[PDB]
Amino acid sequence: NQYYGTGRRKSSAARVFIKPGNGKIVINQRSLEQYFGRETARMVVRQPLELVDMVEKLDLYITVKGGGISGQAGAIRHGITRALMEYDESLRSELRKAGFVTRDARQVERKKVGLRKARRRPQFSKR
Amino acid sequence: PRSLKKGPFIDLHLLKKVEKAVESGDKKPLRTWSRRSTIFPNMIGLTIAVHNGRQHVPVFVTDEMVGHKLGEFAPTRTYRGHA
Amino acid sequence: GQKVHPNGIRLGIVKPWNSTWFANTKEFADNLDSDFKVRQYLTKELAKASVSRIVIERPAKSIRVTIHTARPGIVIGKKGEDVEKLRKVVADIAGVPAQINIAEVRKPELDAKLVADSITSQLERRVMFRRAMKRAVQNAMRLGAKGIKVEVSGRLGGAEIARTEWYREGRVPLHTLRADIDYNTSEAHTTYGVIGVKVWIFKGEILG
Amino acid sequence: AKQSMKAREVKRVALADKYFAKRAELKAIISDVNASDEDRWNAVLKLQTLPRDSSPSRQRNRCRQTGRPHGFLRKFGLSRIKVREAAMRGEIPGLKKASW
Amino acid sequence: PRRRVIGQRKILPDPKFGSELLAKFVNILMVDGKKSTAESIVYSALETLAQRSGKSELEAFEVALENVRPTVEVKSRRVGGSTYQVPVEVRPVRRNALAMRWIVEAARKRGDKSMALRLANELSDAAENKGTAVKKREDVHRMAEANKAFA
Amino acid sequence: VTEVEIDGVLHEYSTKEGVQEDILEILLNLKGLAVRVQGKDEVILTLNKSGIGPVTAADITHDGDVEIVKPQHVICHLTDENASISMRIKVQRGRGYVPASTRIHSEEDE
Amino acid sequence: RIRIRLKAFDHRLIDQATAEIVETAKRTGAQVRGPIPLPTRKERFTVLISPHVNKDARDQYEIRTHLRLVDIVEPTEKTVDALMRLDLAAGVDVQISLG
RNA sequence: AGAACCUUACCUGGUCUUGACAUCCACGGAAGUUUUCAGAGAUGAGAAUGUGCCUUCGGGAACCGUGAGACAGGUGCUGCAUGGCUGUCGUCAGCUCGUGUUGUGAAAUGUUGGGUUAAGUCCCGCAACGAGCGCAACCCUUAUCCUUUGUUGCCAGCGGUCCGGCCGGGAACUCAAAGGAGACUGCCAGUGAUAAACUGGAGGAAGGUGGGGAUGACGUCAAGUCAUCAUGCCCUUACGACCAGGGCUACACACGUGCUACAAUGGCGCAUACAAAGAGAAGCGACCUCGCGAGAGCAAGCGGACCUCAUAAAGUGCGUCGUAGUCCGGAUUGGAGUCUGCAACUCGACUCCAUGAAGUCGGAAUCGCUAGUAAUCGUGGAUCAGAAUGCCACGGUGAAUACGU
């Protein structure tokens, strides 16, 4: 019965499963409060649920790999959104409005020869 | 500095020369290029003209010079002053 | 040094490689060296024979050479006399069993390298460079090149001040990756100095 | 580079090839903590006696075509300049311009 | 820029109070992309401020901001030989930003020990209508007033 | 069988060291060959043999996907023990009858 | 089981090789594991392109070594031997390993 | 893309002169292998083994030896004799040609004009009509999906459990490649000259070139490079070759580019979480043992989605310090040592203990950056015995601002 959505953001890759239940979130066999020490991360993972009143209605099992914390959180959120879409298919519009269906395609820009970074040019001088 | 397990460094030829000198009991200066050679207890008393790149500069060895190397007492560069 | 090499930019798409083998980091450099040697030897030997492309391909501790030449008859000589001779020397150079194949180049006026070589030869034997260039261009056009460019540079007519001159005809798109641009180069070691000859020959675009 | 330099390099390589077994053994002896002091000393002296060009840390990697000491690459055995040329010509297998 | 105006990028509201302005402030405060620390500091400032003035955390902050927002700023046209500073009515989006920035600057300046504490103090000052940010605002206004002839 | 490649040969009307059948006889006995490939549509076999005695079709160093179904098809009769023969056959796949004259210019792959 | 490690620079060529190997396996034996693609090695190189000096002037090349892992679960009499005569296309280093 | 020796091209001495590197004959010796004393070493003198492929035997091809010359050699000069390669204006939208026409002609026209575009982009007009090189597209990469194939990668649901995907297994998901789909102002409305377009919105992972790279027109600067390479006067018992030591690391000073700081958005201590991308056989080197530590010893696994490098750090929590030249800062110097290496004096890196400069945000002025950018945090790679704060790559966190010309 369990529904599913893949999450991806920066170099993170979340695997969100939605099930009907009480609303307990497990991320890599750890609680939401344990895994994400950051409040912002927590908020981002809860955002979609908050938007469509199904926080108490459904449990979700997650496993996430790659990236840092914020990126991971984003990925998770994306996955959740996907799952929701799969599951209801009538909440899509709301999600779209929110801006959660959109895969955030922003990757880190590669370092470029000549430059110290993606865009930082070295210090110039006429003399 | 060199590892303690490896021991001190002295050029073989130099060492031989020193030994010869000791045997003789002579005090004529031994001209040498081995600046990298460490000074030894048996070398005390001997004059040993160490190369500085250009010329051999005489170094009368003393009790205080033992742990040091021969190149320490034969300065290569020759700076007097800018004015 | 503005321009990218036309062969080099297209190796993944429309142009293939010359040396075609796999090797681990251990044996790769050695292999490369061997290739360089054999190729050098071949160039030295088959100068009078019009040779365009040596393609080396080594599977299973055995070297397979493929010589693309306009006239096989002079490279082969008598049937399996010259080729055979070449083979053993190739093997020696490599240090493995050798196998020489000889591909016959249809239309040597459309092969760029060959054209370049011809031009160089002409220069060496004291012709008007310009007339040679014209001939090169014209001939290719006649043969059915979608376009051709040739360029010659330095000490032209033994002049003190060096310069470059070039003749284009038809279309020669270099920015277009899918264009089959046969590019190649040569050098005329004249009495006044070297004269470098470049030539681009556009066969046509590949669709895939 | 010069011919002379190349020749020297070759000589060095040859020496290395020759004296490897002995030199290595000597090194081992010197290292070996479970060994006599005198023996160790002898080994150290023995090493000195051997030619300098016998050391592998003496030989410089030069380009196999031009002998250029700088800008070298190990995989190809060629200096950057020559490597590039090879790449352009199609002579290095698999190598093409990379973008990402 | 010359060619094209662009739409301002999306900003998430802060997790504690659910405010855009607060988030913006936090961002402004932040240095070296250490957002979290900055946000913590902001929170601390708020809490202390709340304790001091009563009200809410957010409301108090808003009030403080209000006392440092500039109605009018100046810009340098310089059409003549010498430069003429001209007043201009500063827009809603910008004014809010400016006040925040000023506050941050004041905090940075201030001689108190912890950053958060300093920030709180600054906020308090703003609320009361004394301090550094307020002074700056006054100066800005004053300049505008002086150059009111130009319009 | 389509193309036969013998080493140390000039044309098909020559003769070779150590064999019975002449080279036209070898080409006829190779034209009678019966091969059964499975995966590819163009394969290259190899026949290498030295020593006194006949050269059967069972002496071809087969690959995995080619099956030579006549292990008593004779090709050569090697008489000198110092003689060798190393031919490389090419086996295409088609239908009908396509002869050497028409396949003299039809072949595109130079 | 026979593990087979195909390695090559050209990907198409490698693919072709793999298919051929599978074909070879499947007629003789039974239950060929399958052509599993491992990660590709993208060994990159930067070089200065000027003869003398211009450091920001650079070419960045790479060699994409592709890996194909083919496995054969049941080695029969007929199957394993079939590869001996069955050599693959040039520029494809194969590496069979039983057990 | 790495000067201890080497590199090395420079200096000082010690040496060689058909030569270190080749080809050629003549004729002495099979090559080579081992070892001895003097010498800084280069080199200059000794003792042991071998005679292989073939001879109407005037001898041969590999590899040393000697003399003659023909020649070798030159990182010697000219980049203002050159090729090749490179920078540069500038990834700027330009630069041309054929035929026609205009003008005595140099030339013009096309290529200007009305709009529009990132674009000589596109349309419309028009003595122009066409074409080429460039602005675009084709290529790589990144963002969504589908199919295929599932180990060394994965674990949704199943059983077992040493609660480790580890083992039965499963092929779902991630991921891995290979092949397809997808974005074209295609659809909607308005503005526009019945247009090219523009403005908005719908869908969509993505929207107007989606983000990034590669790609550099004709040409310019007698721009750079004869020291990569090649190439059209000079040296040839020396401007060539070998060697040991030194120098390229010098130090009143001036400039360039970086790193680390000046602190509390921090330092220190203890606990603890989340990456990517790479390299590896004269190589990467677990575990275990010893060492305060750099490391040492033993020694598996592994040419590697398997094993190793390899603990990511910033972060988070708890404690402490409380604005001091400090529990900030680490230069400098002394001692003692580890590793590499024939060899760390000149002149390596790293460690430990001590020492604890200047520096409290920097004058005139001056640089970078418009987004996953700057800022900040670590990680890897090349060269490489050893020797990066440089270079080239990788992810983490992650802003501000753009009114306008």
# chains A, B, ... in the order shown; residues from 1 in each chain; ligands from 1
>>> residues_around(residues="residue 249 in chain H", least_positions_apart="2", cutoff="12 Å", atoms="only C-alpha atoms (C1' of nucleotides)", output="ChimeraX atom specification")
/H:3-4,247,251,346-348
>>> write_last_selection(atoms="N, CA and C atoms (P, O5', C5', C4', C3', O3' and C1' of nucleotides)", output="PDB file, in the first residue's frame")
ATOM      1  P     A H   3      61.972  21.323  -9.787  1.00  0.00           P
ATOM      2  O5'   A H   3      62.436  22.340  -8.656  1.00  0.00           O
ATOM      3  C5'   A H   3      63.287  21.920  -7.578  1.00  0.00           C
ATOM      4  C4'   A H   3      64.726  22.207  -7.909  1.00  0.00           C
ATOM      5  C3'   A H   3      65.671  22.226  -6.717  1.00  0.00           C
ATOM      6  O3'   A H   3      65.997  20.927  -6.238  1.00  0.00           O
ATOM      7  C1'   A H   3      66.154  24.029  -8.170  1.00  0.00           C
ATOM      8  P     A H   4      65.459  20.445  -4.811  1.00  0.00           P
ATOM      9  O5'   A H   4      66.737  20.567  -3.874  1.00  0.00           O
ATOM     10  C5'   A H   4      67.556  21.748  -3.831  1.00  0.00           C
ATOM     11  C4'   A H   4      68.878  21.406  -3.192  1.00  0.00           C
ATOM     12  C3'   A H   4      69.771  20.529  -4.063  1.00  0.00           C
ATOM     13  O3'   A H   4      70.644  21.411  -4.753  1.00  0.00           O
ATOM     14  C1'   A H   4      69.569  19.609  -1.862  1.00  0.00           C
ATOM     15  P     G H 247      75.454  27.388  -2.227  1.00  0.00           P
ATOM     16  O5'   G H 247      75.165  28.229  -3.546  1.00  0.00           O
ATOM     17  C5'   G H 247      75.688  29.558  -3.700  1.00  0.00           C
ATOM     18  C4'   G H 247      75.364  30.075  -5.078  1.00  0.00           C
ATOM     19  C3'   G H 247      73.886  30.148  -5.410  1.00  0.00           C
ATOM     20  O3'   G H 247      73.235  31.242  -4.787  1.00  0.00           O
ATOM     21  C1'   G H 247      75.015  29.125  -7.195  1.00  0.00           C
ATOM     22  P     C H 251      71.822  37.351   2.791  1.00  0.00           P
ATOM     23  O5'   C H 251      71.521  38.766   2.123  1.00  0.00           O
ATOM     24  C5'   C H 251      72.231  39.953   2.531  1.00  0.00           C
ATOM     25  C4'   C H 251      71.368  41.177   2.343  1.00  0.00           C
ATOM     26  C3'   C H 251      70.110  41.242   3.206  1.00  0.00           C
ATOM     27  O3'   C H 251      69.810  42.575   3.610  1.00  0.00           O
ATOM     28  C1'   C H 251      69.508  41.317   0.935  1.00  0.00           C
ATOM     29  P     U H 346      71.291  24.681   6.228  1.00  0.00           P
ATOM     30  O5'   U H 346      71.977  25.517   5.060  1.00  0.00           O
ATOM     31  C5'   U H 346      72.646  26.754   5.344  1.00  0.00           C
ATOM     32  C4'   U H 346      73.483  27.180   4.166  1.00  0.00           C
ATOM     33  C3'   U H 346      72.722  27.405   2.873  1.00  0.00           C
ATOM     34  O3'   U H 346      72.133  28.701   2.918  1.00  0.00           O
ATOM     35  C1'   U H 346      74.686  26.150   2.436  1.00  0.00           C
ATOM     36  P     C H 347      70.658  28.964   2.342  1.00  0.00           P
ATOM     37  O5'   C H 347      69.862  27.624   2.672  1.00  0.00           O
ATOM     38  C5'   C H 347      68.421  27.608   2.610  1.00  0.00           C
ATOM     39  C4'   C H 347      67.882  26.215   2.382  1.00  0.00           C
ATOM     40  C3'   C H 347      68.194  25.172   3.452  1.00  0.00           C
ATOM     41  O3'   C H 347      67.143  24.219   3.552  1.00  0.00           O
ATOM     42  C1'   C H 347      68.979  24.409   1.377  1.00  0.00           C
ATOM     43  P     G H 348      65.907  24.440   4.534  1.00  0.00           P
ATOM     44  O5'   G H 348      64.825  23.414   3.961  1.00  0.00           O
ATOM     45  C5'   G H 348      64.905  22.974   2.590  1.00  0.00           C
ATOM     46  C4'   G H 348      63.818  21.983   2.241  1.00  0.00           C
ATOM     47  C3'   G H 348      62.685  21.786   3.238  1.00  0.00           C
ATOM     48  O3'   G H 348      61.683  22.773   3.009  1.00  0.00           O
ATOM     49  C1'   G H 348      63.528  19.684   2.581  1.00  0.00           C
TER      50        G H 348
END
>>> interface_residues(of="chain H", to="chain D", cutoff="10 Å", atoms="only C-alpha atoms (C1' of nucleotides)", output="VMD selection string")
chain H and resid 1 to 2 5 to 7 9 20 to 21 41 73 to 75 85 139 to 142 212 to 214 227 to 229 240 to 242 282 297 341 to 343 382 to 383 385 to 386
>>> closest_atom_pairs(of="chain G", to="chain A", cutoff="9 Å", atoms="only C-alpha atoms", output="CSV")
residue,atom,partner,partner_atom,distance
G:55,CA,A:114,CA,7.8
G:56,CA,A:114,CA,4.8
G:57,CA,A:114,CA,8.0
G:58,CA,A:113,CA,7.5
>>> residues_around(residues="residue 106 in chain C", least_positions_apart="5", cutoff="10 Å", atoms="only C-alpha atoms (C1' of nucleotides)", output="list in words")
residues 68, 69, 70, 71 and 111 of chain C; 110 of chain F
>>> write_last_selection(atoms="C-alpha atoms", output="mmCIF file, in the first residue's frame")
data_model
loop_
_atom_site.group_PDB
_atom_site.id
_atom_site.type_symbol
_atom_site.label_atom_id
_atom_site.label_comp_id
_atom_site.auth_asym_id
_atom_site.auth_seq_id
_atom_site.Cartn_x
_atom_site.Cartn_y
_atom_site.Cartn_z
ATOM 1 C CA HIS C 68 46.032 4.713 -46.178
ATOM 2 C CA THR C 69 47.871 5.543 -49.419
ATOM 3 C CA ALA C 70 46.861 6.934 -52.840
ATOM 4 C CA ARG C 71 49.068 4.492 -54.781
ATOM 5 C CA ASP C 111 42.406 13.971 -49.159
ATOM 6 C CA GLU F 110 38.305 0.380 -49.699
#
>>> select_by_dssp(residues="range 68-104 of chain A", states="alpha helix (DSSP H)", output="ChimeraX atom specification")
/A:70-87,92-98
>>> select_by_dssp(residues="chain B", states="strand (DSSP E or B)", output="ChimeraX atom specification")
/B:30-32,38,47-51,56-57,60,69
>>> write_last_selection(atoms="C-alpha atoms", output="PDB file, in the first residue's frame")
ATOM      1  CA  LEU B  30      95.185  19.656   5.206  1.00  0.00           C
ATOM      2  CA  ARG B  31      93.315  21.306   2.326  1.00  0.00           C
ATOM      3  CA  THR B  32      89.775  19.895   2.172  1.00  0.00           C
ATOM      4  CA  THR B  38      81.397  16.836  11.003  1.00  0.00           C
ATOM      5  CA  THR B  47      94.662  22.899  11.063  1.00  0.00           C
ATOM      6  CA  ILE B  48      92.363  21.948   8.167  1.00  0.00           C
ATOM      7  CA  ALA B  49      91.970  24.397   5.276  1.00  0.00           C
ATOM      8  CA  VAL B  50      88.303  24.131   4.314  1.00  0.00           C
ATOM      9  CA  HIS B  51      87.139  25.248   0.851  1.00  0.00           C
ATOM     10  CA  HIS B  56      90.897  27.102   1.223  1.00  0.00           C
ATOM     11  CA  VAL B  57      90.549  28.997   4.527  1.00  0.00           C
ATOM     12  CA  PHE B  60      92.477  25.485  13.657  1.00  0.00           C
ATOM     13  CA  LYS B  69      80.710  20.748  10.653  1.00  0.00           C
TER      14      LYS B  69
END
>>> residues_around(residues="residue 99 in chain A", least_positions_apart="3", cutoff="12 Å", atoms="only C-alpha atoms (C1' of nucleotides)", output="VMD selection string")
(chain A and resid 44 47 to 48 51 74 77 to 78 81 92 to 96 102 to 104) or (chain E and resid 10 to 12) or (chain H and resid 205)
>>> interface_residues(of="chain B", to="chain H", cutoff="10 Å", atoms="only C-alpha atoms (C1' of nucleotides)", output="PDB file with N, CA, C and O atoms, in the first residue's frame")
ATOM      1  N   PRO B   1      69.044  18.383  11.758  1.00  0.00           N
ATOM      2  CA  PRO B   1      70.262  17.578  11.847  1.00  0.00           C
ATOM      3  C   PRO B   1      70.051  16.117  11.456  1.00  0.00           C
ATOM      4  O   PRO B   1      68.907  15.679  11.290  1.00  0.00           O
ATOM      5  N   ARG B   2      71.153  15.380  11.324  1.00  0.00           N
ATOM      6  CA  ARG B   2      71.112  13.959  10.977  1.00  0.00           C
ATOM      7  C   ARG B   2      70.525  13.139  12.124  1.00  0.00           C
ATOM      8  O   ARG B   2      70.627  13.530  13.289  1.00  0.00           O
ATOM      9  N   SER B   3      69.904  12.012  11.780  1.00  0.00           N
ATOM     10  CA  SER B   3      69.341  11.096  12.773  1.00  0.00           C
ATOM     11  C   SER B   3      70.435  10.542  13.684  1.00  0.00           C
ATOM     12  O   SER B   3      71.563  10.318  13.234  1.00  0.00           O
ATOM     13  N   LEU B   4      70.100  10.339  14.961  1.00  0.00           N
ATOM     14  CA  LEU B   4      71.058   9.770  15.922  1.00  0.00           C
ATOM     15  C   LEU B   4      71.443   8.328  15.583  1.00  0.00           C
ATOM     16  O   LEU B   4      72.603   7.943  15.757  1.00  0.00           O
ATOM     17  N   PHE B   9      78.228  12.255  10.332  1.00  0.00           N
ATOM     18  CA  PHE B   9      78.781  12.159   8.985  1.00  0.00           C
ATOM     19  C   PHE B   9      80.173  12.778   8.889  1.00  0.00           C
ATOM     20  O   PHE B   9      80.420  13.889   9.362  1.00  0.00           O
ATOM     21  N   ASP B  11      83.344  12.538   5.636  1.00  0.00           N
ATOM     22  CA  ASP B  11      83.782  11.945   4.377  1.00  0.00           C
ATOM     23  C   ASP B  11      84.904  10.954   4.656  1.00  0.00           C
ATOM     24  O   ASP B  11      85.765  11.212   5.498  1.00  0.00           O
ATOM     25  N   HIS B  13      87.447   9.760   2.930  1.00  0.00           N
ATOM     26  CA  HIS B  13      88.784  10.217   2.540  1.00  0.00           C
ATOM     27  C   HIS B  13      89.336  11.185   3.580  1.00  0.00           C
ATOM     28  O   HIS B  13      90.502  11.062   3.992  1.00  0.00           O
ATOM     29  N   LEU B  14      88.480  12.116   3.980  1.00  0.00           N
ATOM     30  CA  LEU B  14      88.834  13.129   4.978  1.00  0.00           C
ATOM     31  C   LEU B  14      89.262  12.463   6.283  1.00  0.00           C
ATOM     32  O   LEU B  14      90.282  12.830   6.881  1.00  0.00           O
ATOM     33  N   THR B  32      90.945  20.769   2.281  1.00  0.00           N
ATOM     34  CA  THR B  32      89.775  19.895   2.172  1.00  0.00           C
ATOM     35  C   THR B  32      88.583  20.621   1.566  1.00  0.00           C
ATOM     36  O   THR B  32      88.385  21.823   1.792  1.00  0.00           O
ATOM     37  N   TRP B  33      87.796  19.877   0.793  1.00  0.00           N
ATOM     38  CA  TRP B  33      86.536  20.363   0.242  1.00  0.00           C
ATOM     39  C   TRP B  33      85.317  19.886   1.020  1.00  0.00           C
ATOM     40  O   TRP B  33      84.247  20.468   0.878  1.00  0.00           O
ATOM     41  N   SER B  34      85.453  18.835   1.826  1.00  0.00           N
ATOM     42  CA  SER B  34      84.332  18.303   2.597  1.00  0.00           C
ATOM     43  C   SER B  34      83.880  19.271   3.690  1.00  0.00           C
ATOM     44  O   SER B  34      84.255  19.156   4.853  1.00  0.00           O
ATOM     45  N   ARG B  35      83.052  20.222   3.272  1.00  0.00           N
ATOM     46  CA  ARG B  35      82.436  21.189   4.170  1.00  0.00           C
ATOM     47  C   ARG B  35      81.338  20.499   4.970  1.00  0.00           C
ATOM     48  O   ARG B  35      81.087  20.846   6.122  1.00  0.00           O
ATOM     49  N   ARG B  36      80.702  19.505   4.351  1.00  0.00           N
ATOM     50  CA  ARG B  36      79.659  18.706   4.997  1.00  0.00           C
ATOM     51  C   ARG B  36      80.155  17.757   6.089  1.00  0.00           C
ATOM     52  O   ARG B  36      79.334  17.148   6.776  1.00  0.00           O
ATOM     53  N   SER B  37      81.469  17.588   6.224  1.00  0.00           N
ATOM     54  CA  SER B  37      82.023  16.710   7.252  1.00  0.00           C
ATOM     55  C   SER B  37      81.920  17.311   8.653  1.00  0.00           C
ATOM     56  O   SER B  37      82.257  18.485   8.871  1.00  0.00           O
ATOM     57  N   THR B  38      81.441  16.487   9.585  1.00  0.00           N
ATOM     58  CA  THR B  38      81.397  16.836  11.003  1.00  0.00           C
ATOM     59  C   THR B  38      82.812  16.789  11.554  1.00  0.00           C
ATOM     60  O   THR B  38      83.645  16.020  11.070  1.00  0.00           O
ATOM     61  N   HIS B  51      87.505  24.471   2.039  1.00  0.00           N
ATOM     62  CA  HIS B  51      87.139  25.248   0.851  1.00  0.00           C
ATOM     63  C   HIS B  51      85.895  26.074   1.167  1.00  0.00           C
ATOM     64  O   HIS B  51      85.016  25.611   1.889  1.00  0.00           O
ATOM     65  N   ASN B  52      85.843  27.298   0.648  1.00  0.00           N
ATOM     66  CA  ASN B  52      84.667  28.166   0.787  1.00  0.00           C
ATOM     67  C   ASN B  52      83.991  28.426  -0.565  1.00  0.00           C
ATOM     68  O   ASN B  52      83.243  29.391  -0.715  1.00  0.00           O
ATOM     69  N   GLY B  53      84.242  27.539  -1.526  1.00  0.00           N
ATOM     70  CA  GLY B  53      83.916  27.773  -2.926  1.00  0.00           C
ATOM     71  C   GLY B  53      85.100  28.281  -3.734  1.00  0.00           C
ATOM     72  O   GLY B  53      85.387  27.748  -4.804  1.00  0.00           O
ATOM     73  N   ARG B  54      85.787  29.295  -3.219  1.00  0.00           N
ATOM     74  CA  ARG B  54      86.846  29.991  -3.950  1.00  0.00           C
ATOM     75  C   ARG B  54      88.232  29.530  -3.528  1.00  0.00           C
ATOM     76  O   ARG B  54      89.037  29.129  -4.370  1.00  0.00           O
ATOM     77  N   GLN B  55      88.501  29.602  -2.227  1.00  0.00           N
ATOM     78  CA  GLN B  55      89.826  29.316  -1.673  1.00  0.00           C
ATOM     79  C   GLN B  55      89.717  28.471  -0.408  1.00  0.00           C
ATOM     80  O   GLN B  55      88.647  28.373   0.193  1.00  0.00           O
ATOM     81  N   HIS B  68      80.072  20.484  15.558  1.00  0.00           N
ATOM     82  CA  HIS B  68      79.859  21.260  14.337  1.00  0.00           C
ATOM     83  C   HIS B  68      80.480  20.602  13.106  1.00  0.00           C
ATOM     84  O   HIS B  68      81.230  19.620  13.209  1.00  0.00           O
ATOM     85  N   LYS B  69      80.152  21.167  11.939  1.00  0.00           N
ATOM     86  CA  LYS B  69      80.710  20.748  10.653  1.00  0.00           C
ATOM     87  C   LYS B  69      81.765  21.718  10.151  1.00  0.00           C
ATOM     88  O   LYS B  69      81.835  22.858  10.602  1.00  0.00           O
ATOM     89  N   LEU B  70      82.587  21.249   9.216  1.00  0.00           N
ATOM     90  CA  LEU B  70      83.705  22.050   8.708  1.00  0.00           C
ATOM     91  C   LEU B  70      83.283  23.284   7.920  1.00  0.00           C
ATOM     92  O   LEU B  70      83.976  24.306   7.945  1.00  0.00           O
ATOM     93  N   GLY B  71      82.150  23.189   7.226  1.00  0.00           N
ATOM     94  CA  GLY B  71      81.611  24.300   6.445  1.00  0.00           C
ATOM     95  C   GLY B  71      81.106  25.479   7.259  1.00  0.00           C
ATOM     96  O   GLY B  71      80.978  26.584   6.726  1.00  0.00           O
ATOM     97  N   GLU B  72      80.815  25.244   8.538  1.00  0.00           N
ATOM     98  CA  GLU B  72      80.393  26.310   9.445  1.00  0.00           C
ATOM     99  C   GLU B  72      81.497  27.340   9.702  1.00  0.00           C
ATOM    100  O   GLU B  72      81.202  28.507   9.969  1.00  0.00           O
ATOM    101  N   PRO B  75      83.143  30.694   5.807  1.00  0.00           N
ATOM    102  CA  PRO B  75      82.037  31.414   5.161  1.00  0.00           C
ATOM    103  C   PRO B  75      82.264  31.685   3.669  1.00  0.00           C
ATOM    104  O   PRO B  75      83.355  32.111   3.276  1.00  0.00           O
ATOM    105  N   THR B  76      81.228  31.434   2.875  1.00  0.00           N
ATOM    106  CA  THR B  76      81.327  31.398   1.415  1.00  0.00           C
ATOM    107  C   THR B  76      81.152  32.779   0.809  1.00  0.00           C
ATOM    108  O   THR B  76      81.986  33.233   0.019  1.00  0.00           O
ATOM    109  N   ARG B  77      80.065  33.444   1.193  1.00  0.00           N
ATOM    110  CA  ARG B  77      79.773  34.804   0.730  1.00  0.00           C
ATOM    111  C   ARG B  77      80.617  35.846   1.448  1.00  0.00           C
ATOM    112  O   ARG B  77      80.992  35.663   2.608  1.00  0.00           O
ATOM    113  N   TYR B  79      80.376  39.680   2.001  1.00  0.00           N
ATOM    114  CA  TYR B  79      79.690  40.969   2.054  1.00  0.00           C
ATOM    115  C   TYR B  79      80.342  41.873   3.101  1.00  0.00           C
ATOM    116  O   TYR B  79      80.390  41.517   4.282  1.00  0.00           O
ATOM    117  N   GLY B  81      79.674  45.644   3.076  1.00  0.00           N
ATOM    118  CA  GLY B  81      78.667  46.667   3.365  1.00  0.00           C
ATOM    119  C   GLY B  81      78.097  47.298   2.104  1.00  0.00           C
ATOM    120  O   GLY B  81      78.706  47.219   1.033  1.00  0.00           O
ATOM    121  N   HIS B  82      76.932  47.927   2.238  1.00  0.00           N
ATOM    122  CA  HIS B  82      76.291  48.631   1.114  1.00  0.00           C
ATOM    123  C   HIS B  82      76.843  50.042   0.871  1.00  0.00           C
ATOM    124  O   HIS B  82      76.615  50.614  -0.197  1.00  0.00           O
ATOM    125  N   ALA B  83      77.554  50.599   1.856  1.00  0.00           N
ATOM    126  CA  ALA B  83      78.155  51.930   1.734  1.00  0.00           C
ATOM    127  C   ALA B  83      79.421  52.038   2.583  1.00  0.00           C
ATOM    128  O   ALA B  83      79.982  53.136   2.748  1.00  0.00           O
TER     129      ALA B  83
END
>>> closest_residue(among="H:169, H:272, H:340, H:265", to="residue 30 in chain E", atoms="only C-alpha atoms (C1' of nucleotides)")
H:265
>>> closest_atom_pairs(of="chain D", to="chain C", cutoff="6 Å", atoms="only C-alpha atoms", output="Markdown table")
| residue | atom | partner | partner_atom | distance |
| --- | --- | --- | --- | --- |
| D:75 | CA | C:29 | CA | 5.6 |
| D:76 | CA | C:29 | CA | 4.3 |
| D:77 | CA | C:29 | CA | 5.1 |
| D:88 | CA | C:8 | CA | 4.1 |
| D:90 | CA | C:17 | CA | 4.6 |
| D:91 | CA | C:19 | CA | 5.1 |
| D:93 | CA | C:19 | CA | 5.6 |
>>> residues_around(residues="residue 64 in chain B", least_positions_apart="6", cutoff="12 Å", atoms="only C-alpha atoms (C1' of nucleotides)", output="number ranges by chain")
B: 39-41, 43-45
>>> decode(residues="range 68-80 of chain G", atoms="C-alpha atoms", output="mmCIF file, in the first residue's frame")
data_model
loop_
_atom_site.group_PDB
_atom_site.id
_atom_site.type_symbol
_atom_site.label_atom_id
_atom_site.label_comp_id
_atom_site.auth_asym_id
_atom_site.auth_seq_id
_atom_site.Cartn_x
_atom_site.Cartn_y
_atom_site.Cartn_z
ATOM 1 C CA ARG G 68 31.275 -3.701 -18.403
ATOM 2 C CA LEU G 69 30.816 -6.529 -15.920
ATOM 3 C CA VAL G 70 29.476 -9.666 -17.620
ATOM 4 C CA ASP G 71 29.060 -12.764 -15.441
ATOM 5 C CA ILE G 72 28.453 -16.426 -16.404
ATOM 6 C CA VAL G 73 26.821 -18.503 -13.646
ATOM 7 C CA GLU G 74 27.198 -22.061 -15.056
ATOM 8 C CA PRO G 75 30.556 -22.842 -16.728
ATOM 9 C CA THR G 76 29.933 -25.883 -18.971
ATOM 10 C CA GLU G 77 32.475 -27.834 -21.057
ATOM 11 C CA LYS G 78 31.451 -26.185 -24.356
ATOM 12 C CA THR G 79 31.005 -22.593 -23.156
ATOM 13 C CA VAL G 80 34.259 -21.606 -21.455
#
